[PDB]
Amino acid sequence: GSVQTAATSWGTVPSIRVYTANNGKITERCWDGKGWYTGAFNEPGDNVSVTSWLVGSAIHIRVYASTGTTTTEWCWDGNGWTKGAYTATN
């Protein structure tokens, strides 16, 4: 078929993050104004969406990774990706 991407950006430089789901794995490419590099994000999933917001100059990111009917939320809040509270039902 084809890979699936999600993108987000922030600030005025801007920083950009592109998430790619490929063969069950989601990886991350980053731009902070100079060039593209690989980011810390590495999680399983066949589909991905993303949103982010600033608190002052600190970025917060939520990546929604889906495999089958299970969507897991992954959070960046300044110190590592942690799994989020998101659930699909209830």
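Note that residue numbering follows the sequence shown and begins at 1.
**Q** According to the PDB entry, is the CA B factor of residue 24 in the bottom, middle or top third of its chain, that is, lowest, middle or highest?
**A** As the PDB entry reports it, the C-alpha B-factor of residue 24 lands in the highest third of its chain.
**Q** Mind checking which third residue 88 falls in for C-alpha B-factor across the chain?
**A** Within its chain, residue 88 is a highest-third residue by C-alpha B-factor, going by the deposited values.
**Q** Relative to the other modelled residues in the chain, which third contains the C-alpha temperature factor of residue 11: lowest, middle or highest?
**A** For residue 11, whose C-alpha B-factor we compare with every modelled residue in the chain, the answer is the lowest third.
**Q** Select lowest, middle or highest to describe the third in which the CA B-factor of residue 51 falls within its chain in this entry.
**A** Answer is lowest: the recorded C-alpha B-factor places it there.
**Q** Quick one: classify residue 78 as lowest, middle or highest third of the chain based on its Cα B-factor.
**A** Lowest third of the chain for residue 78's C-alpha B-factor.
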